[PDB]
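Below you'll find the structure, written out as structure tokens, and then a few comments.
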Amino acid sequence: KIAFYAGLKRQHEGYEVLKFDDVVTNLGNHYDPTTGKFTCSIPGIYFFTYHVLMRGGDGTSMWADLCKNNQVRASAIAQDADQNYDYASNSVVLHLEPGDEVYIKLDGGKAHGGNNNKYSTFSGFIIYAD
Amino acid sequence: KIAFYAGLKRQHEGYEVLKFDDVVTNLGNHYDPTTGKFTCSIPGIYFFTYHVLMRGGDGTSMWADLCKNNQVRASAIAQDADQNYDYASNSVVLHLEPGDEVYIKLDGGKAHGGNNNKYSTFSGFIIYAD
Amino acid sequence: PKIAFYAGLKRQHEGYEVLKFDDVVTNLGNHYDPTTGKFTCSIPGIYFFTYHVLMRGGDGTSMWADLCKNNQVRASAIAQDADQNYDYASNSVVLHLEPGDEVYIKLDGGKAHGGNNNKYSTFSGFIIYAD
Ligand SMILES: [Mg+2]
Ligand SMILES: [Mg+2]
Ligand SMILES: [Mg+2]
Ligand SMILES: [Mg+2]
Ligand SMILES: [Mg+2]
Ligand SMILES: [Mg+2]
Ligand SMILES: [Mg+2]
Numbered sequence: 008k009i010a011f012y013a014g015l016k017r018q019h020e021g022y023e024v025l026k027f028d029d030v031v032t033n034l035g036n037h038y039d040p041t042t043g044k045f046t047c048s049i050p051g052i053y054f055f056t057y058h059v060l061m062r063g064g065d066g067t068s069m070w071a072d073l074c075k076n077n078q079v080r081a082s083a084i085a086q087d088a089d090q091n092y093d094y095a096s097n098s099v100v101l102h103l104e105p106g107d108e109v110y111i112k113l114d115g116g117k118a119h120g121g122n123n124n125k126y127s128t129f130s131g132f133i134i135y136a137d
Numbered sequence: 008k009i010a011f012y013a014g015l016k017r018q019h020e021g022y023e024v025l026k027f028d029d030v031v032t033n034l035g036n037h038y039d040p041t042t043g044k045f046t047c048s049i050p051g052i053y054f055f056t057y058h059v060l061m062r063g064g065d066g067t068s069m070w071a072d073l074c075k076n077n078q079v080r081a082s083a084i085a086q087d088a089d090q091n092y093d094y095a096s097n098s099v100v101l102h103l104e105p106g107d108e109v110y111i112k113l114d115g116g117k118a119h120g121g122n123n124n125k126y127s128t129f130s131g132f133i134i135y136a137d
Numbered sequence: 007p008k009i010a011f012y013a014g015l016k017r018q019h020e021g022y023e024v025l026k027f028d029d030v031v032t033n034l035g036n037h038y039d040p041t042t043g044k045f046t047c048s049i050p051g052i053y054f055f056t057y058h059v060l061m062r063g064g065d066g067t068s069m070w071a072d073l074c075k076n077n078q079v080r081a082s083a084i085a086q087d088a089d090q091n092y093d094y095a096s097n098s099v100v101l102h103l104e105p106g107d108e109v110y111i112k113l114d115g116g117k118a119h120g121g122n123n124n125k126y127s128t129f130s131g132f133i134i135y136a137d
């Protein structure tokens, strides 16, 4: 039983990994809120989804890509000329081997720190085990 | 086998619970389209996801939060200065006990009434039973 | 039975055509066809599908992307921005499917973004339960 769901507390920017440290669910402790990465332990098929809210009132564009190890497996953008709140979200189904790391990487722009509202989220779970 | 998927027919506003009464799937009849809430019967881990379309041509901001019982477990915002259509969407994986209610509540703003087109949606299913 | 797929959009789409997600990352069992952009059901049961369609930026203000079962709209989504900014038409569904049923993502007006290999616009899904 592998499943996790965490939210983003603090604001982020640039090209850094998003540390979702508002952890709500973490069966097996395979997600690390100190690095914001999900480490695969059992080979198999996994679903991941992420929602990243852009910082409002400061900036027009923000990118958030889901990476496996050091390869982009999903890309997303939030854009608005009037600096409005908008979401960079995406979902993936991937096969993972032991040691594989899955995380959400910013690719430019500013993310919102939602404190306790859990605006920016990272969630996932194993569908099938090999 | 617990799983459901329902859409929103009527427009909503303010801070009311979103009653997705255009029901497509409801294994176990655990979702109530009359209250718009999903009642847990078996303790375990559950996936939920929601997409709420903002009312266009009237208002600039709309909030939609996924609440468990009476606690926010996900927040979302749609915002556009030009009153354009935009989405407040989010997903969660949570542990649930029997009697727990999970639903999508507006937290300010105006929601779009999509009739039968299923623009605004709420779906979910159990991953693991304890 | 392990039934699951996840594909991204390489080329641009527009009008009212089905989105051919031809950047396939996962396709256990080959029930999704990237040449038609359709998921054909073989095993009766309950399936989760989700799609994210990025609107084309700098050209157009509105875009629709609907998830269709057979030839029936089972989910609709819109992306809109007056300043022609990037925005998403995304949605998720849980549906019961019989063998032969086709599930795909169709544009319903507007222009979709071609992300090449970046996987900006995506279509994914998987079986939860088999009958
Ligand atoms: Mg927008
Ligand atoms: Mg990128
Ligand atoms: Mg404007
Ligand atoms: Mg709130
Ligand atoms: Mg606008
Ligand atoms: Mg968006
Ligand atoms: Mg339509």
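Protein chains in written order, with the authors' numbering: chain B, 8 to 137; chain A, 8 to 137; chain C, 7 to 137.
All C-beta atoms, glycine included, are put in the ideal place defined by N, C-alpha and C.
Can you list the residues near ligand 4, meaning Cβ strictly closer than 7 Å to any non-hydrogen atom, in the order they appear in the chain? The filter returns B:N124, A:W70, A:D72, A:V79, A:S82, A:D114, in chain order.
List in chain order: all unbroken beta strand (DSSP E) runs of 3+ residues lying wholly within the stretch 18-65 of chain A. Here the runs fully enclosed are 29-34, 44-46, 51-60.
Which same chain residues, not among the five before or five after B:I52, have their C-beta less than 6 Å away from its C-beta? Within its own chain, the residues whose Cβ lies closer than 6 Å to the Cβ of B:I52, once the five positions on either side in sequence are excluded, are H102, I134, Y135, listed in chain order.
Between A:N97 and chain B, is the shortest Cβ-Cβ distance under 8 Å, so that the two count as touching? Yes, A:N97 counts as interfacial toward chain B.
With a floor of 3 residues, list each beta strand (DSSP E) that falls wholly inside the stretch 64-111 of chain A, ordered by position along the chain. Complete beta strand (DSSP E) runs here, min 3: 68-75, 78-81, 84-86, 94-103.
Short of 7 Å in beta carbon distance, which residues of its chain neighbour A:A95, apart from the five on each side in sequence? Order them along the chain. Once the five neighbours on either side are set aside, the close Cβ partners of A:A95 are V59, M61, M69, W70, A71, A83, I84, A85.
Spatial neighbours of A:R17 within its chain, please: CB distance less than 6 Å, with the 5 preceding and 5 following residues excluded, ordered by chain position. Hits under 6 Å: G120.
Cβ of A:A88 within 7 Å of any heavy atom in ligand 5? Between ligand 5 and A:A88, a heavy atom-to-CB distance of less than 7 Å is present.
Using a Cβ cut-off of 8 Å, which residues of the stretch 120-135 of chain A contact any Cβ in chain C, in chain order? The residues in question are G121, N124, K125, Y126, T128, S130, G131, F132.
Can you tell me which of the three DSSP states B:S130 falls into? DSSP, reduced to helix, strand and coil, places B:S130 within a strand of the structure shown.
Could you spell out the range, first to last residue, of the beta strand (DSSP E) harbouring A:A118? Judged by DSSP secondary structure, A:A118 falls outside any beta strand (DSSP E); it is assigned neither H nor E.
Leaving out five residues on either side along the sequence, give the residues of the same chain with a beta carbon under 8 Å from the beta carbon of A:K75. Contacts found: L101, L103, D107, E108, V109.
With 8 Å as the threshold, decide whether the Cβ of B:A118 is near any Cβ in chain A. For B:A118, the answer is no, since every Cβ of chain A falls outside 8 Å of its Cβ.
Relative to the C-alpha of B:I111, which residue among B:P105, B:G35, B:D93, B:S127 is closest? The shortest C-alpha separation from B:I111 is found at B:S127.
Chain B residues whose Cβ lies nearer than 8 Å to that of C:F45: Those within 8 Å of C:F45 in chain B number zero; the least Cβ separation is about 12 Å.
I'd like to know if A:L101 contacts chain B, where contact means its C-beta is closer than 8 Å to some C-beta of that chain. Among the CB atoms of chain B, one or more fall inside 8 Å of the CB of A:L101.
Does B:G115 get closer than 8 Å to chain A when you measure Cβ to Cβ? At a cut-off of 8 Å between C-beta atoms, B:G115 does not count as an interface residue with respect to chain A.
Just the chain A side, please: which residues come within less than 9 Å of B:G63 by C-beta, in chain order? Going along chain A in sequence order, the residues near B:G63 (Cβ under 9 Å) are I84, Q86.
Is any heavy atom of ligand 5 found at a distance shorter than 7 Å from the C-beta of A:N91? Under cutoff, so the answer is yes.
Got a sec? Which residues, its chain only, sit under 7 Å from C:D29 by beta carbon, not counting five neighbours each side? Within the same chain, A13, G14, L15, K16, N123, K125 come within 7 Å of C:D29 by CB-CB distance, once the 5 residues on both sides are set aside.
B:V59: contacting residues in chain C (beta-carbon distance under 8 Å): Result: empty, since nearest Cβ-Cβ is about 12 Å, beyond 8 Å.
What residues in the stretch 25-55 of chain C have a beta carbon less than 9 Å from any beta carbon of chain B? Answer set for the stretch 25-55 of chain C: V31, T32, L34, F54.
Proximity of A:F54 and A:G131 at Cβ, strictly below 8 Å: The Cβ-Cβ distance between A:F54 and A:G131 falls below 8 Å.
For B:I49, which option in B:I9, B:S98, B:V79 has the closest C-alpha, if you only look at C-alpha atoms? The alpha carbon of B:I49 has as its nearest neighbour, out of B:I9, B:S98, B:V79, the alpha carbon of B:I9.
Contact criterion: CB-CB distance below 8 Å. Does B:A10 meet it with respect to chain A? The beta carbon of B:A10 falls within 8 Å of a beta carbon belonging to chain A, placing the residue at that interface.
Using CA coordinates, which residue listed in B:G64, B:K26, B:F45, B:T41 is at the minimum distance from B:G35? If you compare the alpha carbons of B:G64, B:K26, B:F45, B:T41 with that of B:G35, the shortest gap goes to B:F45.
Taking Cβ positions, are A:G43 and A:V31 nearer each other than 8 Å? In this structure, the beta-carbon distance from A:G43 to A:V31 does not fall below 8 Å.
Residue from C:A81, C:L113, C:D89 whose Cα sits closest to the Cα of C:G64: Measuring from the Cα of C:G64, the nearest candidate turns out to be C:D89.
Counting only beta-carbon separations shorter than 8 Å, does A:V109 have a partner in chain B? No, no contact with chain B.
Count the other CB atoms within 10 Å of the CB of A:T56; is the residue buried (16 or more) or exposed (fewer)? It is buried - the Cβ of A:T56 has at least 16 other Cβ atoms within 10 Å.
Shorter than 8 Å from the beta carbon of B:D72 to some beta carbon of chain A? No - not a single Cβ of chain A is within 8 Å of the one on B:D72.
Give me the chain C residues within the contact set of A:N91, using Cβ-Cβ distance strictly less than 7 Å, ordered along the chain. Simply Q86, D87, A88.
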